[PDB]
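**Q** here is the sequence, then the experimental structure:
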Amino acid sequence: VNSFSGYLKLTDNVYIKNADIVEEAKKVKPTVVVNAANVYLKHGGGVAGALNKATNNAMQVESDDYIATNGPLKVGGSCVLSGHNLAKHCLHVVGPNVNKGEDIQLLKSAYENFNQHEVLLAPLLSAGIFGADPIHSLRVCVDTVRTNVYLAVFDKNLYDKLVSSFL
Ligand SMILES: OC[C@H]1CN(c2ncnc3[nH]c4cc(F)ccc4c23)CC2(CCC2)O1
């Protein structure tokens, strides 16, 4: 039993809710919140900008030190950093950004990072300003992630389309 509330169950291990991931993280304090990161960990907008703003820019400060030491992530890759006031840990995952021309096949690799964590609160990778079809992202999630994932979808209209079209 865990503390996630109000989710619709899609499969054995995937759950979904119309929610603001920032507010959801603030209330649940999950072990892992996933950020929709880019390779430079520049958290300017979308989910990343919202999560970073909620940390009062501490996420960005930590991220800048990470990049200065380690260099950029790979598209499809991830790193574990602090969850600050939102979670124990933040798993920064880089899905492909269609608006930069990156290969959508890398979306499966991106979701594979979730399998290293037993339970996660996450957004749909490559959705929103990353330009992929969220219906496709949900399908890849369900077909790739085997650990327990709680998906937060900010847009109510999109949430209803994802549920109604789910096979
Ligand atoms: O940029 C659009 C991208 C963002 N995503 C999110 N998902 C879950 N929680 C979210 N909280 C936020 C707070 C923000 F200020 C900005 C974005 C989010 C967000 C999923 C979607 C939005 C509909 C599909 O796309």
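**A** Now that the structure is in, tell me what you want to look at. Numbers count the residues shown, from 1 in each chain.
**Q** need the residues of this structure near the ligand, please.
**A** Residues of the chain lying close to the ligand (Cβ under 6 Å from any ligand atom) are 20-22, 46-47, 50, 123, 127-129, 134, 152-155, 158. (C-beta placed from N, C-alpha, C; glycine too.)
**Q** now the helices for this structure?
**A** Per DSSP state H, the chain carries helices over the ranges 21-28, 46-54, 58-70, 106-112, 134-144, 156-164.
**Q** that older thread, give me the buried subset of the residues of the chain next to the ligand.
**A** Buried subset of the residues of the chain next to the ligand (neighbour count, 16 or more other Cβ atoms under 10 Å): 21-22, 46-47, 50, 123, 127-128, 134, 152-154, 158.
**Q** what is the nearest of those residues to residue 96?
**A** Top of the list for closeness to residue 96, among these and by Cβ to Cβ, is residue 127 at 11.4 Å.
**Q** separation between the closest residue to the closest one other than its chain neighbours and residue 8?
**A** Spatial nearest neighbour of residue 127, excluding adjacent residues (Cβ to Cβ, 6 or more residues apart in numbering): residue 134 at 4.2 Å. Distance from residue 134 to residue 8, counting by Cβ to Cβ, to the nearest Å: 15 Å.
**Q** just residue 73 next, same as before
**A** Distance, residue 73 to residue 8, by Cβ to Cβ: 31 Å.
**Q** in terms of neighbours, single out the busier of the two.
**A** A count of neighbours by other Cβ atoms under 10 Å puts residue 73 above the other of residue 73 and residue 8, at 19 against 14.
**Q** that one reaches residue 35, doesn't it?
**A** No. In this structure, residue 73 is not within contact of residue 35 by Cβ atoms under 8 Å, at 11.2 Å.
**Q** overlap in contacts of these two?
**A** residue 92 (Cβ atoms under 8 Å, 6 or more residues apart in numbering).
**Q** report the two of the residues of the chain next to the ligand separated the most.
**A** 22 and 134 (18.4 Å).
**Q** what's near enough to touch residue 51?
**A** Contact analysis of residue 51 by Cβ under 8 Å, 6+ apart lists 21-22, 25, 33, 35, 43, 59, 86, 90.
**Q** picking up where we left off before, distance to residue 100 added to the helices of the chain, as CSV?
**A** Output for these, formatted as CSV (distance: least, Cβ to Cβ, whole Å):
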stretch, distance to residue 100
helix 21-28, 22
helix 46-54, 13
helix 58-70, 18
helix 106-112, 11
helix 134-144, 16
helix 156-164, 22
